[PDB]
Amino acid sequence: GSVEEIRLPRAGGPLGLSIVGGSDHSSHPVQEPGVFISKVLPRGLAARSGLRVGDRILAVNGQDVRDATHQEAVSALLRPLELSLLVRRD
């Protein structure tokens, strides 16, 4: 079980990742719980910053995005100059 911190500088426009999941999308048959990184762009900030496809997003700038809805997660990622993500890689 691994847990990593990703430092993505914000205000850089395109980030280079894609997310799925949420505490509401766990009903319509992801089968595991949580938000997950589904794509990392080759030249993406998230890819070079360490973020990998499959990483569950546990926290965003201190927030506990874990067990949050999909749109809650999108909002938590868009609103925050310094993007501090805590992600899981189990």
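Numbering starts at 1 and follows the sequence shown. In this text, rigid core is short for the largest set of C-alphas that superpose within 1.5 Å between two forms.
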Stretch with larger C-alpha RMS deviation in 8 other deposited structures of this protein, core superposed, 14-22 versus 71-79: 14-22
Would you mind checking whether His28 is unresolved in the model of at least a third of the other PDB entries compared? yes
According to the PDB record, deposited residues with no modelled atoms between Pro80 and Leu81 number 1 to 3
Checking chain continuity here. Are there deposited residues lacking coordinates between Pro29 and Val30, and if so is it 1 to 3, 4 to 9, or 10 or more (or none)? 1 to 3
Comparing 44-52 with 59-67, the one whose average Cα B-factor in the PDB entry is higher: 44-52
Tell me which stretch has the larger mean Cα B-factor in this entry, 8-16 or 69-77. 8-16
